[PDB]
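Heads up: the structure comes next, in structure tokens.
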Number of protein chains: 2
Amino acid sequence: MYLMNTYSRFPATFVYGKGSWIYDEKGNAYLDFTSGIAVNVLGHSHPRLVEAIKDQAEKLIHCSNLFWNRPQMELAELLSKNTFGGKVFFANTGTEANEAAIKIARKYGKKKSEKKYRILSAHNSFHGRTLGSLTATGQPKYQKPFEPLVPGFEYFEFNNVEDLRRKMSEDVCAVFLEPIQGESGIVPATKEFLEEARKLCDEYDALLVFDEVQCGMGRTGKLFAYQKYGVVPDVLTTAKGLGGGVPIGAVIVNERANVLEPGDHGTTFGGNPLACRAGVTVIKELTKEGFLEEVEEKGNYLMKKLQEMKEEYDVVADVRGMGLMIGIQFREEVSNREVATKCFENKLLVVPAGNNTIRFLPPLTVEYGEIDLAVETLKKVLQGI
Amino acid sequence: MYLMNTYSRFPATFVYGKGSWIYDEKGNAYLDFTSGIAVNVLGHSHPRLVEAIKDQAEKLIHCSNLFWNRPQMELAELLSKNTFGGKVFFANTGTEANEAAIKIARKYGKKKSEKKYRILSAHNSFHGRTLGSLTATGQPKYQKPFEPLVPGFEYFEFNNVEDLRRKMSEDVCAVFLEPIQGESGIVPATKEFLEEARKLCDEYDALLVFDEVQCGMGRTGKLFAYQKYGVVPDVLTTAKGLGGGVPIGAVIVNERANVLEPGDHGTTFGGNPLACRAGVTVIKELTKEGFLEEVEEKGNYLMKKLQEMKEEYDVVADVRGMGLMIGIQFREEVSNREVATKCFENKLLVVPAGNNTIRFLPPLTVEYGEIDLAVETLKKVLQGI
Ligand SMILES: Cc1ncc(COP(=O)(O)O)c(C=O)c1O
Ligand SMILES: Cc1ncc(COP(=O)(O)O)c(C=O)c1O
Ligand code: NA
Ligand code: NA
Ligand code: NA
Ligand code: NA
């Protein structure tokens, strides 16, 4: 009774988790296909992550950015080496990472002109709730009560090359894009659209920023979605799965975008040894030989079953996604919220999203048998919906 | 070589900490009077905090705000009961907590008028680096490269009743104040100024927001500084020490300010069981019988010694503070940065701040003998500065 009423929740209190399962106070087991909203990349209570956390906790958890710490240095090196090789800034959340990206873009633009501060983002995009990220978020409903927001932002239709082109100008300092939109209902960008974004940013001297907070850290079958697409951004933001459950966020920039100087930006908790230790553990597991290959295989298996379901069930209008980031859209007469609720009642946890969809976001360590259970449960719900 | 160059650091890599001491890779011991910048309230590797973290890590660290979790519920109850009894929203950092406060203020204002969106904050205040909090931050140097920022903010001089009065209007939805400014060099508000702020907010129907991210969680000798002053805000933000090192932030509102509704605001990591477990541990330790009384006694002891130093050393221009949040200002010909560096070379860690000051921010568990060592080290540095 002491929490603000800001969330729409499923009626369950969870106290323990192991792998793909989470349990309530009475021991009832739920198959967790939410991953805490694409966060628990290694599932719950993964032995290596738990051990790393316990080990670091008895050593040092926070020293501040007045000094250096080893986990922070190691994670920065791993992120640079496993991406397009740039510099790293550690934040604590997805919205903070995007705020850093916005600031990097703004300073970059002012290197050329005081008028070069415009930022373009997509309609229905989601980049965060803090005011900078909220302005980038192309969704009026989430902005209205809090206006006026940050000036200089304009929106274009996702995957619409023509619309993005018409809104470009020399005064644009950055273009923000989620390689695969998440909150809007899992909408993959087309390779062509991303390629055009890359070309337009080069033409107008703007920074291409990829927000991989939800689609990053192995969920697509590669470490980052941009690697699947073959389009390299100037700036890349990551969070959620980066820490496998421990709050952490990061921004990676190439040399062109490496414009921040001492005092330009900072954070008290960002880069602390406990969170970075978690990140190092996660990256080492994700990059382990054969791991991402298994993710791709499991993703193909799950997608195959859901696509069959799309043809077989008239209430299922569409299935979209990549790797283990999949969205299922229902016909308008069927409520995605009702479907999610019925799934919950049958011990399957899914995440509602826009466009009347539910998201299947299982941990990357999910078992084939668990994929079978989830699909079976959804089918039974739909057979009575 | 992989981290962005955003910080001015002391040349040391720390890997272990215990109590008021932190150690480098070779085992050299440093007396940590930074508390990781007012974060490590219980010192490093406190047995109870370490045990709580290890215990929770093997159970559940993140489930998302789609569900309820026990540590989150327990911490919300403790924060409400130990303050002015309101509702709680969990963020992950100080800047995120203030962003939530800004959003709460904005929605409150629109309940009365679409023009009621102005927010007042103090010159030299510091509320965070994300764009909303950065606009609240009354420091142009930190804003310039990133403009335009959020519209509707205006600044007044801290502790200047007349200036605050002249900037008030019916279009103001909130007044932001740090009961004791930190980054600017530890500047306590006068009780009279805070009382006038409270009256002006009631007169113009605005929310009084106290940012206790740095002065909160026991550092002043009471749980929160507002309790020392006897002036109650509508909204209170907290972070840093709340988690004793684990990233966490919170916003507490009374009924008047409880205006957020489902979907208005949220966060992926906010309120996770691991961070809230840490917060519960911290609050239980801080509220333990006699704990805060000891903090007040140690604060009085340290302040006494530093005030004597002010009279004795001509290079020391002023000493300000409350509890264990103390700032030492040097004459202009003496560099606060040089003093901090020399302290570091002599194994004492302090935090530089504005107004040519250094901050003494020892853990609340600091020993009297450690206070003696710190003062002795500073005196020796000044005897040769
Ligand atoms: C693409 C994207 N960016 C940013 C965010 C916000 O991340 P956070 O909640 O940690 O601030 C989300 C959350 O869903 C997201 O999907
Ligand atoms: C009063 C105050 N508010 C907010 C902040 C920022 O907190 P964070 O770095 O966790 O975003 C600080 C940091 O020094 C602060 O002193
Ligand atoms: Na169908
Ligand atoms: Na059909
Ligand atoms: Na003096
Ligand atoms: Na003097």
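Worth knowing before you read on, the calculation uses all heavy atoms, side chains too, and leaves out hydrogens, waters and symmetry mates. Every chain is numbered from 1, with letters handed out A, B, ... down the list of sequences.
- Contact of B/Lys240 with chain A is made through backbone and side chain together, with heavy-atom distances under 4.5 Å.
- Minimum heavy-atom separation, A/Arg70 to B/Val15: CG-CG1, 4.0 Å.
- When A/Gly86, A/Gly132, A/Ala76 are compared by the number of non-hydrogen pairs under 4.5 Å with chain B, A/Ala76 comes out ahead.
- Here side-chain hydrogen bond (donor to acceptor under 3.5 Å, both in side chains) pairs that include residues 37-47 of chain B, with residues two or more places apart or in two chains, are B/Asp32-B/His44.
- At least one donor-acceptor pair closer than 3.5 Å links the side chain of A/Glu99 to the backbone N or O of B/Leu131.
- Partners of A/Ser133 by side-chain hydrogen bond (donor to acceptor under 3.5 Å, both in side chains), not counting sequence neighbours, listed by chain and number: A/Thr95.
- Within the 4.5 angstrom heavy-atom criterion, atoms from both the backbone and the side chain of B/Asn69 approach chain A.
- Contacts between B/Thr135 and chain A at a heavy-atom distance below 4.5 Å are absent for every atom of the residue.
- Interface residue B/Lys107: backbone and side-chain heavy atoms are both found under 4.5 Å from chain A.
- With a threshold of 4.5 angstrom between heavy atoms, B/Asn258 approaches chain A through side-chain atoms but not through N, CA, C or O.
- Counting heavy atoms from C-beta on, the side chains of A/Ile53 and B/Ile61 come closer than 4.5 Å.
- With a 4.5 angstrom heavy-atom cutoff, B/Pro151 touches chain A via backbone and side-chain atoms both.
- Contact count against chain A (heavy-atom pairs under 4.5 Å) is highest for B/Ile248 among B/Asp24, B/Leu274, B/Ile248.
- When each of B/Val50, B/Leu349, B/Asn65 is checked for heavy-atom pairs under 4.5 Å with chain A, B/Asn65 comes out on top.
- Taken from NE2 in B/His265 to CZ in A/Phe146, the straight-line distance is 8.0 Å, to the nearest 0.5 Å.
- When heavy atoms are compared at a cutoff of 4.5 Å, A/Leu134 approaches chain B solely by way of its side chain, counted from C-beta outward.
- Within the 4.5 Å cutoff, the side chain of A/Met4 has no heavy atoms near those of the B/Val88 side chain.
- With a 4.5 angstrom heavy-atom cutoff, B/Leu79 does not touch chain A via any of its atoms.
- The part of B/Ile102 that comes within reach of chain A is its side chain, from C-beta onward, which places non-hydrogen atoms under 4.5 angstrom from that chain.
- No side-chain donor-acceptor contact under 3.5 Å links B/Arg9 to the backbone of A/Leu66.
- Side-chain atoms of A/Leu3 and B/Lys87, non-hydrogen and from C-beta on, never get closer than 4.5 Å to each other.
- Annotation: side chain of A/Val246 is not in contact with side chain of B/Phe269 (no heavy-atom distance under 4.5 Å).
- A/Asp264 touches chain B through backbone and side chain together, each having a heavy atom under 4.5 Å away.
- The most heavy-atom pairs under 4.5 Å with chain B, out of A/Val150, A/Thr130, A/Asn98, come from A/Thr130.
- Contact check for A/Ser80 versus B/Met1: no side-chain heavy atoms found under the 4.5 Å cut-off.
- Looking at A/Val251, the atoms closer than 4.5 Å to chain B (heavy atoms on both sides) sit in the backbone and in the side chain alike.
- When atom types are taken as modelled, the side chain of A/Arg106 and the backbone of B/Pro148 share a donor-acceptor pair closer than 3.5 angstrom.
- Side chains of B/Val39 and A/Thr268 form a contact here, defined as non-hydrogen atoms less than 4.5 Å apart.
- Interface remark: A/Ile22 contributes side-chain atoms only to the contact with chain B (heavy atom separation under 4.5 Å).
- Here the straight-line distance linking atom NZ of A/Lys18 with atom CD of B/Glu58 works out to 8.5 Å at 0.5 Å rounding.
- For the set B/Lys103, B/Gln56, B/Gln72, B/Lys54, the entry with the most heavy-atom pairs within less than 4.5 Å of chain A is B/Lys103.
- Only the side chain of B/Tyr117 comes within contact range of chain A, with heavy atoms under 4.5 Å apart.
- With a threshold of 4.5 angstrom between heavy atoms, B/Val213 does not approach chain A through any atom at all.
- Contact tally against chain B (heavy-atom pairs below 4.5 Å) for A/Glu147, A/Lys59, A/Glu261, A/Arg129: the top residue is A/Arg129.
- Contacts with chain A were tallied for B/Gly109, B/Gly243, B/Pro145, B/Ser64; B/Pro145 has the most, counting heavy-atom pairs under 4.5 Å.
- Rounded to the nearest 0.5 Å, atoms OH (B/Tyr7) and CG (A/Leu260) are 10.0 Å apart.
- Atoms NE2 and OG, on B/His62 and A/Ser35 in that order, are 9.0 Å from each other to the nearest 0.5 Å.
- Taking the six-membered ring for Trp and thresholds of 30 and 60 degrees, A/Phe67 and B/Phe14 have ring planes more than 60 degrees apart, a perpendicular arrangement.
- With rounding to the nearest 0.5 Å, the separation of OH in B/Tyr23 from SG in A/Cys63 is 15.0 Å.
- Considering only heavy-atom pairs separated by less than 4.5 Å from chain A, the leading option among B/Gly85, B/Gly266, B/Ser8 is B/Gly266.
- With a 4.5 Å cut-off on non-hydrogen atoms, B/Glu25 touches chain A through its side chain but not through its backbone.
- In this structure the side chain of B/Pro247 reaches within 4.5 angstrom of the side chain of A/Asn272, judged on heavy atoms.
- Side chains of A/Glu96 and B/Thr93: a donor on one and an acceptor on the other come within 3.5 Å.
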>> For A/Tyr2 and B/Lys81: C-alpha separation, side-chain torsions, deciding distance, then whether side-chain contact (heavy atoms from CB on, under 4.5 Å) applies.
In response: CA-CA 9 Å; A/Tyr2 294 105; B/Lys81 290 185 176 181; 3.7 Å; yes

